[PDB]
Structure formats: C-alpha cells, structure tokens
There are 4 protein chains.
Amino acid sequence: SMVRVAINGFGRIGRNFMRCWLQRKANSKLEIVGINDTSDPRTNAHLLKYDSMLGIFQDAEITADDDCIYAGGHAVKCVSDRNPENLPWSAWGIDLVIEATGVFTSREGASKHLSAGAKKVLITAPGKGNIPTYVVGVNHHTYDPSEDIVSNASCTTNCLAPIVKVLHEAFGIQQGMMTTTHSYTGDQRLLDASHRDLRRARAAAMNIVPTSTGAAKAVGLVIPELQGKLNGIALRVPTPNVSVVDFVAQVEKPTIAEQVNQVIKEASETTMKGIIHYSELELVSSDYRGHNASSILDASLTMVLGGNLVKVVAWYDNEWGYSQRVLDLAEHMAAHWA
Amino acid sequence: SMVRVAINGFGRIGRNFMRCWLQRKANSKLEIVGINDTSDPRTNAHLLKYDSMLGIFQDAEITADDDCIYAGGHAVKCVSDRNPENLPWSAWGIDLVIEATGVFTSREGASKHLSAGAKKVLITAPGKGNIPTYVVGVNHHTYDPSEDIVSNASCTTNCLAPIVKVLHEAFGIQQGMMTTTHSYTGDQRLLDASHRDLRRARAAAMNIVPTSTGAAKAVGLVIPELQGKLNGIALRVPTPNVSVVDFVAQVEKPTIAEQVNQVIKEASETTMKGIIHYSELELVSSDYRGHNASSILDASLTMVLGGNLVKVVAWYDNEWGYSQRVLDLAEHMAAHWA
Amino acid sequence: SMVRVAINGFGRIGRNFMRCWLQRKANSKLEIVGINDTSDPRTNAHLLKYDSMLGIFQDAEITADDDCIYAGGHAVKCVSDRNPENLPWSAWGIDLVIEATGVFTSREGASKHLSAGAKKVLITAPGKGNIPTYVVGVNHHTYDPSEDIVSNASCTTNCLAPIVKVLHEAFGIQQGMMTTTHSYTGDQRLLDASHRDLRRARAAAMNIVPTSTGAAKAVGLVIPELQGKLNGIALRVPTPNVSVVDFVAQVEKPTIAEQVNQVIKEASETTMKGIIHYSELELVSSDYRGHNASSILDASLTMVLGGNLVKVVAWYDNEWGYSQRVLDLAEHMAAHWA
Amino acid sequence: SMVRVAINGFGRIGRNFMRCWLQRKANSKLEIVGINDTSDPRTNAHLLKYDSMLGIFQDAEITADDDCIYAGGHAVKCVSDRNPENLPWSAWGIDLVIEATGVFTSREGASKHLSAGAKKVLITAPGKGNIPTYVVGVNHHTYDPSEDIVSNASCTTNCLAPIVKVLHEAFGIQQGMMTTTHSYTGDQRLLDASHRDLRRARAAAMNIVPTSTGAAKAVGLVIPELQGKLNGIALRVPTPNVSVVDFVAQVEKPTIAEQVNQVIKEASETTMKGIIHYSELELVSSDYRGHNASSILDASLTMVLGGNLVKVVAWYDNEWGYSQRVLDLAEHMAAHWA
Ligand SMILES: NC(=O)c1ccc[n+]([C@@H]2O[C@H](COP(=O)([O-])OP(=O)(O)OC[C@H]3O[C@@H](n4cnc5c(N)ncnc54)[C@H](O)[C@@H]3O)[C@@H](O)[C@H]2O)c1
Ligand SMILES: NC(=O)c1ccc[n+]([C@@H]2O[C@H](COP(=O)([O-])OP(=O)(O)OC[C@H]3O[C@@H](n4cnc5c(N)ncnc54)[C@H](O)[C@@H]3O)[C@@H](O)[C@H]2O)c1
Ligand SMILES: NC(=O)c1ccc[n+]([C@@H]2O[C@H](COP(=O)([O-])OP(=O)(O)OC[C@H]3O[C@@H](n4cnc5c(N)ncnc54)[C@H](O)[C@@H]3O)[C@@H](O)[C@H]2O)c1
Ligand SMILES: NC(=O)c1ccc[n+]([C@@H]2O[C@H](COP(=O)([O-])OP(=O)(O)OC[C@H]3O[C@@H](n4cnc5c(N)ncnc54)[C@H](O)[C@@H]3O)[C@@H](O)[C@H]2O)c1
Ligand SMILES: [Mg+2]
Ligand SMILES: [Mg+2]
C-alpha cells in the first residue's frame, strides 16, 4: 500500500520535489495527495507548469480549480494555513509530511504536523537541535523506523558528505575546510532589505555574499567520526541555480591527485553509484542543470600538495539534485515504515 | 519651527528619501525624527550606510543603539509595529508621515496614521482611490492644505508626466501609448514564487517580465484633460535600478523630431528646470544613477512619422530621482501647512 | 541529390542553425558538409554539444578530430580562413553558403564565396545594399532562383514583419513605431570596451543599452508598400536570449483590442500557421526559449486608443526562432534551385 | 624631471590606471603623454569619462580631437597600431610603457616596445618566461634599475601575496591552496564563443566558470621561499568587478583564528599599511568598489582547525586596486630610474 504524502511549502524545493515524483511515479511507494502553501491552487498550478529553471512541464497536463491541483488526472488536495497545527492531516490520512517551508526546522515546529495528524515529518533542511539527520548514500541505512521527525540536511551537505566519506575511508581526514560558491536562493533579498543575516540582506544578483553553510556542521552529523573536524563558509553569487563546493583536507595517508581521482571514480561506479558522478569534462555551471547526482567531481581541478593537503571540487544542482535525494529518503522511509 | 516627519517603511524608497534629506537638510523645513519598520535600528542603520546602489554613505557618521539611528549627531527614534494604529505618533509629535511600506495605499489604510496622531500622510505610490495625486512640476501647485492624505504617484508617472505636459501644450496630445523598460523592484520575486501577479511571480534577474505600470492611469490624474487618452505597460528587466520610458503620441499639430526636441529643451531650461533634463549624449542606464531630474530626454532617440506620430524616450532613476520628488513634495506640503 | 551547404562563421546563429538542421534532417533537401570558422573542430564540436542556452545536445553523438566535426556519424569537414576567397568551396562541391560571421553582409563581401566556388549565399543578417531580403511567411515566395546572394533580414524583422503584414491587410498601416526590448548579443561588449557604436561599447550585462534595430528599415523592404512608414529603436537588456517587440501603429480602419487579437489569431491558424503563434498565457521571456514561431503575440497586452492607435507586443527567440527561419529559407532555396 | 609614460592598450586596466594617475597627479614623478590603442581618441575619451563601474569622471574636463585626448588641459597623444615595433616611442621620448593589452606578456613581445624606442616596459600581467615579477609591499624593494621589462603579476597575486607573506613570517607556511571567486573579465565571452580555454568560452554572466589563476604560480615568484608550495584555481562568476580569494594553508606553528586576525591587523597598521586593510564589518562585494588596498581581510571569516590548518578570506577590487598598484610600481621605478 502507498504512503500518502503532503507537501508543506510549495516553493522551489516543494515544486522540484513534486516534479521529481511525477517523473518517477511508476516506481514509487509514495502518493502525493496534499499540499499546504501560502498561495492558492491556481497560482501554484501555474508555477508548477512554468518554471524559469526547469522549463515547461511537458510529461502530463497540469490544471487546477478552487480545491485541487491536477497533474495527469492525479488530484492533489490544496489547503492554505500558515499554522501546521490547524492542517487537516488527520482527515486526509497523511502519512508523511515533506516540510519545505524553511520556518519549521525545529522539533517543536515540525511536531505541530504530528499533533495535526501526520505520522512522520521529513524536513528539507538541517534540523534545529535534536533531530536525526540523513544523507542518502552516506548514512541513510542507519535510519530507525521509530523516528518521527528527520532531516535531509542541506544541498551542500548532500554534495560534500559522499565525497568526504570516500576520502576519509581511503586517506583518513584529520581536518577539513569547505567553501561553496553557491547560487542565490529565496532566503536572500532581491534588493537590499532587512534580514537577520546582514549579508544575505544585500542585493543577491548584484553581489558576492559571504554567509554560513549548513554543511559546516551537518557533514559531521552524518559522518560522526568527523564531528568538530570540518568548517567552512558559503559565497552566494549571481546565478539562479547550480553550485560548486571546494574542499581542502589535511589527510593522514600521503597521496597525489591521480590517486584521489581514482578513488572517487571507483566509488562513483560502485558504492556511490548514482550519488557521486565522476567527470573529466571541462564544463561550467549551466551544464549541470538537472543532473541527478548529489555531487559531480570535477576531476580536472583535483590538486594535492606535499602528500597530505588535498583539494577537490564538486558541482551540484542545489534545487533538483537535492530534491531527488529528498525523494530517495522518503522512499527509504516508506520501505522501512514498520 | 520644523515639520516633524516619520518614515513608515524603511525600504528602498524610505532609505533613499532619508539620504536625500540628509544631503539637503541645510535648506529644509523638515526634520526626520522617527522611523517605523519591520526591522531593528542596528540593521536599518547598517542598510542606510551600506547601499549596493548608492554606495557607502560618506557625509556623516551613521550609528545605532537599541532605540535610535544616529545620522551625524541627529537622532531618529525607531519603533517596529506592523499596525500603524499602534504607532507613537502623538507622543513623538509627528506632523507628517512618509508612507513607504507599499501596503497602506488606500485612504482607510493611510488614515490609520492619523488616528495614531499624525496630521498628514504622503504615500510614496499611487493611491487606491479618492486620494489626490501630485507630480512636482506638473500639478503640485494645486495642492490644497486641507488635504491630509496625498499621493506622489509612481516613478514612471514622475518621468512621463512632465514630458507629456510639455508635449500636450505644444502639440496637443490626442492619444498616447507608453512602455517603460524598467529595472526590477522589491515587489518582484528573486526566484519563481507566489505573487498576485503571475508574471511578477517569476525570477526577476532571469526574465523580461511584462506587467502593469501606474503611469498608465496616473498621468491622466495629474493632467486631467488627458484622462482616458493614455495607456501602456511595463517590461521589468534584470537591472537593479534606473529605467527608461518609451512614449508614442498621436498629436494634433504636425511636427518633426527637431521641433519636438527644441520644445522639450526650451522647457528643460525654463518651466521644467530641474524636472526635465535634456541630453544629446549617447549614454546607457548606468550613467544615470543618482540623477536628480525626474526625466532625462534622450534627444538622439526622438522620432516623428507623418507629422502626427511622435516618439520620445526618457531615462529616470526610479529610486533616487523619485525620492528627490517625494522630498520636494514634502517640502511643499511643509510650506503650505495651513 | 542534395544541396551541399557550408556554414561560414560557427557562432550563435551558425550553431543554432546546425542544431536546427540536425533535428530536421529527415525531411531535408540540405546536407551540411562543411564549416569555416576562426576556431578548430575540437573546440567547435565542444561548443556545438555544450550550449549554455540550448543545453546539452541529446539526439546524436558529437565528436571531432583534426579534420572534421562528427554529428551522429555525419562528417562535417572544417577549415579556418578569415578570407572567404581562399575557402575550398570548389573542392568540397559547396552549393550554398550560410554566411553567419556578421562581417560579409555587403554584396562584394558575400560574393567572395562565389569566387571561391559556391553557387549561392544566404546572409544571416540584413544586407548592406542591393541584396534581396526575405522573411519566410511574408515575401519568401517572391524569391527568384536567379538571385545568388540573399538576406534573411534580422531577428526583429522576422518577428515584426509577419504581424505588420497581417495588421496592414486588415486595418491599413499608415505609420508605425517599434521598440524591441532585446536580449544582448555577441556584438555587444562584456565590459566597457571600444565599439563603433558608443552604447554597444558599454558592459552589456549591467546596462539597458539603446541602439538601432534592423527591423526599422527591413520591414519596409519585405513589405514594399510600407517603405518609409516605419521607424524604431532597440533597448538591449541583461538577458542572454529571447526578446520582445512593442509595435504602435497608426491605422486607417478604426478597431478595438478584441478585433485586433481576433485578426491575428485567425491568421496564426491559417495563412501564418507556424510563423505567428497566438498566446493568451501570462508568461515571461524564459518560457519562450526554443519556441519555433517567428512571433508569439502576447494577446493580453494588445491595446487600442481612439480606434486608430494600435499597440501589439510579440515575443521571439532571437537565436533559435531566427535560425529555424534561416533553415526554412535555405530549404526553399534548395527547392527552387533553377 | 618627469618620467614620460605611454599606455599600450586603453582597456579596463589602461583606463583605470589613467584615472588613478589623474587623481594622484599632484604627487607623481610620472607624466602620461601617449596612448596606443585599437580605437580612436574620441571613442577612448568617451569611455574614459563614462565608465559603468567607476561612474562619470568629475574631477576635470575630458575632450578629444583627431590626435589627442585632453584631461583638464593635459594633452595625451594618441596612436593606433597593433604592432608595437611601429610605435613612435622614440619620437615621443617615451620612458616607460604600461603594457596593458594582454597580448605582449612575453619578453619577445614586450621587447618590441624597446626596439621602437621605449626605455622600460611594465607588463600589467604575469610575465611569460624570464621576466622579473613584483608585488608592491612584498618584494618591490628588490627591483633592480637595470631591468628593462618587469611584471606587476595579476590582481589575485597582489591580493594574496601580502597576506601570504604575513602569515608565512608569523606561522611558517608549509603548503597552501587558493580559490578566488572572481568577477568576470574581458578575457571571457559574453555568449558562448570560441576561446583557447574551453570554460572561458562560455557565457560569462550566466555561469560559474572554473579557470586558472596567475596567483597559483606568481605568489611563489614574489615570495621565493614558497615556490612550488602553493596551488589553486579561479571560479569566475557573474559580477562585473570585485573579487574574493579564499586561502587554506598548512602552517608549522600552532595557532587559532584570533591570533591569525591579530597578526594581519598589526601588519595592516605597520609594515603593510595601505596594502592590506583589516575589516571586521559584514560587507559584500559591492561595498569594496574603489577600495585602494591590495587586499581587505574579512576578519569574520577566518578559521583555524586543529592548530595548523588556517583559512583566511580577502576581498580586492581587481580593476581599481590592481591599477593603484601598477601606478605604485611605476612611481617606484621612476624613483630608482638610475
Ligand atoms: N533552494 C535550495 O537550493 C535548497 C536546497 C536544499 C534545501 N533547501 C531548503 O528547503 C526549504 C525551502 O526552500 P526554498 O528554496 O524552496 O524556499 P521558497 O521560499 O522557494 O519556498 C518556501 C515555500 O513555503 C511557503 N511558506 C512559507 N511559510 C509558510 C507557512 N507558514 N506555511 C505554509 N507555507 C509556507 C512559501 O510561500 C514558499 O512557497 C528551506 O528550508 C531551504 O533551506 C533549499
Ligand atoms: N522602488 C522603486 O523604484 C519605487 C519607486 C516609486 C515608488 N515606489 C513605491 O514605494 C513603496 C515602497 O517600495 P520599496 O521599493 O521601497 O519597497 P521595499 O520592499 O524596499 O520597502 C518597503 C519597506 O516597508 C517595510 N514594511 C512592510 N510592511 C510594513 C508594515 N506593515 N509596517 C512597517 N514597515 C513595513 C518593509 O520591511 C520594507 O522595509 C511602494 O509603494 C512602491 O510601489 C517604489
Ligand atoms: N545572435 C542573434 O540573436 C542574431 C539573430 C539574427 C541574426 N544575427 C546575425 O547573425 C550573424 C552572426 O551573429 P552571432 O550572434 O552568431 O555572432 P557570433 O559572434 O556568435 O558568431 C560569429 C562567428 O563568426 C566567426 N567569425 C568571425 N569572423 C570570421 C571570418 N572572417 N571567417 C570565419 N569566421 C569568422 C566568429 O568566430 C564566430 O564564431 C550576425 O550577422 C548577426 O547580426 C544574430
Ligand atoms: N581586468 C582585470 O581585472 C585585470 C586585473 C589585473 C590585470 N589584468 C591584465 O591587464 C591586461 C588588460 O586587461 P583588461 O581587463 O584591461 O582587458 P581589455 O580587453 O579591457 O583591454 C585590452 C585593451 O588593449 C587593446 N588592444 C588589444 N590588442 C592590442 C594591440 N595589439 N595593440 C594595442 N592595443 C590593443 C584593446 O582594444 C583593449 O582596449 C590583461 O593582461 C589582463 O590580464 C586585468
Ligand atoms: Mg499623419
Ligand atoms: Mg483616432
């Protein structure tokens, strides 16, 4: 039987996730049955079909009326309430809530979905506090079916952690620094406007904007051996999607760039197939739009100095690739619902 | 005895207005004494000083504490309440509110400032109805001191209406179409997101976005004889400030491009000095950042066909030039208080 | 027996044209057999496959060696000589040259291809004089096989001329002004640099840039009755592809917006099918990437004042849609070889 | 007596340099007397006055005729020849050539200026081959007056080397990785077009573009102790000016972020005053336009892991700050002309 899903927050990730599910609907243990959003179903149907980044959805017809979005005849019920406690999850028989609003990342916030009637909550962001965090391909097999609130970490964590895991098991990471040169996101301001983060306050398509990255802390949650050994920052720049992370590690076992690349290549073919992609091509960010991998190693940029200082560089589609992983984590939870 | 001014909404217009006043406060009848905004004074002082468009504010020191923003020893008290009826306008002795939030453009909405204790309200946008509308240099001398709620119209109206007035008196405008190729504004979305306007919902730095312009209706409000005779649209494009309006008019007196430019040039040196600037230079939008005129006629682009089809093109700094006009209108109101 | 085609200048138009032909070569009288360009085949094959605007070419494999580009087993010989008189057109048996460099738009310049051995030349731009100019769907059926050098006009001409033809036959165009809000092109400068046009010299991704449009003169070449009756300008803006043209016409037969849209809609379903698309959707420039029509009327923007002042607005993919028309014109030439 | 200067290549650096000299002309041992460029004096006068990045030059009047650019009455002779061997350096009595074309970075290329009559050549880029390289504040005091061709390195080298010098003398750098997130430059393509570097070929304002950085090699030329111990890459992003370099070093003496910041702060006040600026402010790239320092340490982003892995982040205005340093190096050469 299907696990019935509701999306809370039909934004960039909510809509990417919906389009991921629509293209994989023939193999899914999931049925998306409901949406809660600040907007209305006609507005949300329009944004679902006409996407500046993904192009026009062509696989099936998208329409809407007062109460539902329809995608190839599949009816998705729509509601509009900013307080999750008031949501009709009990009545709709909602099993799993995809929490993609950005404002309910704490256990107390996400739990409002549980008291409204949902069984589990999957937060599409690092969790605030005591929330189990998962990266598919790194630690999702340690998922415990008894856990009712989980986090899928961040886009940068999903790109960096699979690579860090491979490098750590091969060379032993002792300390590591990360910088992600990162597309702007809706958390930033179009023009200078108030924000809790004084740099994210600034005109996003006009500036290089230093800010924090969830990966600085979250990679050590999904690779517990490395807790407290990694740190780094983000630089937001004026592209609308696709990001690249630079990672510099102090390693225990001496190596060279050829060996580093070969270890990641072998992983991308076996243990990390479909999570890591290995590329020797001389591409740029536009070329990785729509890529399904969590991280694409840019093998031409790998450098090693003095044996023990390793630099790798990996691309990721922070909207679509991350959403593919949200879907993967939800399918895993559906398989181990017990 | 100064007119005491509060700013409601310390946004792009609110802060451009503040920097305009700070540069002109030697010959001013206004004293900015308070600010209401969704944010705190330390954040707002940071944004007042560091502006991606205007650059770093040079003239005076800008600091803040929990209570005030300080601009070269001048203290501006701050408060943060979304409901204008709660504002301390009586206790602060506020005379005039600059209503720059974009959300109180109806008479009942702006009148909340009067029940809080202010005497008059100047809305930095077209009013939603039954609110007198003024354009400095076009009809502001019809301002009547008995009007306690007024509108300064929109940026496009302030650029187009001076030129329309000049053209109408010289040639007789029978009909006219406008299109402004317009920088994006905070009303638009950084990435595709819900909006009451399905095109303003779309990623603003990625797209040419057709939408409405206030000038289409408001020019005929400040030039009553042209009521119903003008129409047009806006195309929002991926620049963060400075816009250009294209106006095609059906006129009664047959003319040619050279005479049209002579008529506007003569006016820019006399009746419209400081409102219309006449330019024969081959410049682009960046060169007009910070220009004080309401309208810069690009004379090289003027064209006339068959005597009666006239096309003119004018630049405007929609943030700074408009804010200069807000200040001019507030000074005029302060001069005609009773 | 195919018409053997070489491309001179493997640029944006040259490569869009190639990808157009590759997608249509099943029902084609053309065979692209050669390329001349300033660059080498390995670089040009890379750019043919990896396109920041069109995305990664999907249909066939693209490879290269020192001598050729290979597109799914079809070999395209490559050469690199800036002087067309030296090209191996005789030895390669070239029939038709697609002249897409932008530097041989005069008859003497394009005729260098004939002395190198080609039989006919199709210039992907307005000609510099005494070169017949065609717009598919407007006057291409007047093409005479005796003409060995022809012009496909410009992107803006191909968008505006079909709509002008429809409007002129229905209402009688007396005069008309155009403004295209136009994506930047390779002719412009990335950062301020010398140019024969002092505004195209200015940083293209930073500025709104007024400049000339070929449509101003060329529409009257493909619709001779309108010679001298039309004029206008372009505003280049910081988007990399897709443009929109705004056309205000003085017409003889009084009309209203609803009738104007009905006249264009009826034509888009009959005489202009596949050239004009009629759209009542609320879309933005990104949604028209890859559209095959020459002109997409945005019906919601149509306006009429006083019966005789008509405004219409039409989208066009200036790279891809124009290249589809280049291909259409080359097919037509191939069909009428003698 | 003055050292007479000619600029070869009146581009972004050539014109920034000219404007640097104009603002410091009251203390200079240099007289700019000549310009060679691909363009004409009227075009170059226009670009000198109207700059998309620097704004309109206001300090003095800029005009031109057929032969000269005039800047506040100072006449600069203009010539236009792509081959330096043909330039009139002998006749004009040119002492020093500022070589800013980007195409004469080898000794054999730059020497053509010497055979045309110039005494010395200062290349505004890393030199190709056997050319002494200087960073002001790092090694310019080792300049030998007998050297007739010198290099000022690159923008990134001038930002990174002063910091590396400070950190090395304080903590002992053993190995180090750099990534500069860098504004696009005129070497990149506005839209996808052929380039010797397949990534710089791609649309610059649309992409994150990995490429090489001159600093990877040049920092070890100006700090000879570190030759072969540093490496790194550049990521070009869609901003038109201002860059930021991230530097991760393995150091010998254990430290912490507080100490790293304090060492650079002390340097910025003493040995590196005017080369390094120390900032604790939460700014973004737009805020560093026009900054005169070679590097602005962003102190809030400094991190240290495990004692010996240090990360620092520094801003730089790659056009204006680098040009200030070109001017400084030219003044130094003028002081030690002997
Ligand atoms: N965009 C990315 O690259 C990315 C990648 C990984 C994770 N994330 C995370 O996913 C979450 C969503 O990010 P996004 O980029 O989609 O943002 P977004 O702003 O596009 O989406 C948020 C959506 O939630 C809606 N919303 C806001 N408050 C609500 C409430 N109280 N109730 C219901 N709906 C509400 C908004 O209207 C919007 O549709 C954030 O936590 C973000 O950190 C984003
Ligand atoms: N930006 C322009 O070019 C321009 C030109 C002319 C007129 N306008 C008009 O000026 C007004 C403001 O535009 P802007 O571009 O400065 O927008 P903005 O979003 O930059 O500024 C609005 C400010 O009001 C604050 N705010 C919102 N709701 C509030 C409330 N209930 N109480 C207090 N503060 C609140 C916001 O936090 C923000 O600081 C709008 O009416 C707009 O149409 C804008
Ligand atoms: N880009 C558009 O939207 C568009 C639309 C319609 C028409 N056009 C016209 O198409 C033509 C090409 O425009 P584009 O945008 O593709 O420009 P582009 O700069 O991308 O392409 C020109 C190509 O020609 C090559 N080239 C230059 N000189 C050459 C020579 N002497 N010999 C061989 N190759 C040479 C260049 O390297 C480049 O590959 C121009 O005439 C332009 O006006 C462009
Ligand atoms: N822009 C930066 O951030 C930056 C910073 C440091 C160093 N540089 C270096 O400075 C040099 C110039 O770079 P730019 O950004 O000013 O490039 P640019 O393209 O703006 O300037 C080059 C100038 O030289 C002219 N030119 C080209 N070939 C010529 C020839 N044979 N003879 C005479 N003039 C010729 C061009 O017309 C142009 O005006 C390059 O070597 C670059 O690496 C650039
Ligand atoms: Mg007439
Ligand atoms: Mg009429």
Side-chain angles (χ1 to χ4, degrees), chain A residues 174-183 192 197-211 216 228-233 235-240 242-244 246-250 257 281-288 298 300-301 303-311 313 315, chain D residues 174-183 192 197-211 216 228-233 235-240 242-244 246-250 257 281-288 298 300-301 303-311 313 315:
Chain A
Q174 297 172 336
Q175 316 275 1
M177 300 282 195
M178 74 203 66
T179 300
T180 172
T181 296
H182 197 290
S183 276
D192 293 358
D197 171 334
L198 293 179
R199 309 209 212 205
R200 292 188 187 207
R202 307 291 296 283
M206 282 185 62
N207 288 289
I208 302 166
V209 177
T211 191
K229 296 181 183 306
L230 315 167
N231 207 352
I233 67 171
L235 300 165
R236 302 292 187 89
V237 304
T239 53
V242 178
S243 301
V244 62
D246 183 58
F247 183 62
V248 178
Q250 171 195 322
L281 300 166
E282 298 178 71
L283 302 185
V284 300
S285 57
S286 286
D287 301 319
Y288 292 105
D298 199 307
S300 303
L301 305 172
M303 311 170 153
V304 183
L305 283 175
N308 303 84
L309 191 64
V310 175
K311 186 192 198 75
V313 176
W315 298 98
Chain D
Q174 297 172 336
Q175 316 275 1
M177 300 282 195
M178 74 203 66
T179 300
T180 172
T181 296
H182 197 290
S183 276
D192 293 358
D197 171 334
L198 293 179
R199 309 209 212 205
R200 292 188 187 207
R202 307 291 296 283
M206 282 185 62
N207 288 289
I208 302 166
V209 177
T211 191
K229 296 181 183 306
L230 315 167
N231 207 352
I233 67 171
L235 300 165
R236 302 292 187 89
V237 304
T239 53
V242 178
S243 301
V244 62
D246 183 58
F247 183 62
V248 178
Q250 171 195 322
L281 300 166
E282 298 178 71
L283 302 185
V284 300
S285 57
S286 286
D287 301 319
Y288 292 105
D298 199 307
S300 303
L301 305 172
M303 311 170 153
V304 183
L305 283 175
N308 303 84
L309 191 64
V310 175
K311 186 192 198 75
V313 176
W315 298 98

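Numbers restart at 1 for each chain; the letters A, B, ... are given by sequence-line order, proteins then strands. For the numbers below, each heavy atom of this structure counts, side chains included, while hydrogens, waters and symmetry mates do not.
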Visitor: Could you give the distance from CG (A:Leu305) to CD (D:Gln174), rounded to the nearest 0.5 Å?
Guide: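 That separation rounds to 12.0 Å.
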
Visitor: Heavy-atom pairs under 4.5 Å with chain A - which of D:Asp287, D:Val284, D:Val242 has more of them than the others?
Guide: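 When all of D:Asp287, D:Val284, D:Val242 are compared, D:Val284 has the most.
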
Visitor: If you look at every heavy atom in D:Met303 and A:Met177, which pair is closest and at what distance?
Guide: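 It is O-CE, 3.5 Å.
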
Visitor: Tell me, side chain or backbone of A:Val237 under 4.5 Å from chain D's heavy atoms, or both, or neither?
Guide: side chain

Visitor: Just jot down the side chain to side chain donor-acceptor pair (under 3.5 Å) partners of A:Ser285, sequence neighbours excluded, or say none.
Guide: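 With neighbours one apart ignored, the set is empty.
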
Visitor: Of the backbone (N, CA, C, O) and the side chain (C-beta and beyond), which part of A:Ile208 lies under 4.5 Å from a heavy atom of chain D, both, or neither?
Guide: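 Interface part for A:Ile208: both.
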
Visitor: Chain D: which of A:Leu309, A:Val313, A:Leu198 shares the most heavy-atom pairs with it under 4.5 Å?
Guide: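 It is A:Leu309.
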
Visitor: Among A:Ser243, A:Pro240, A:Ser286, which has the most heavy-atom pairs under 4.5 Å with chain D?
Guide: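 When all of A:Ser243, A:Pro240, A:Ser286 are compared, A:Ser286 has the most.
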
Visitor: List in chain and number order the residues that pass salt bridge (charged side-chain N to carboxylate O under 4.0 Å, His left out) with A:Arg199, two or more places apart in sequence or in another chain; answer none if no residue qualifies.
Guide: D:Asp298

Visitor: Are any non-hydrogen side-chain atoms of D:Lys311 and A:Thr179 less than 4.5 angstrom apart?
Guide: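 Side-chain contact under 4.5 Å: yes.
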
Visitor: Heavy-atom cut-off 4.5 Å, strictly under: side chain, backbone, both or neither for D:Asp246 against chain A?
Guide: side chain

Visitor: Out of D:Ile233, D:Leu283, D:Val209, return the one with the most heavy atom pairs under 4.5 angstrom to chain A.
Guide: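 Maximum pair count with chain A is reached by D:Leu283.
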
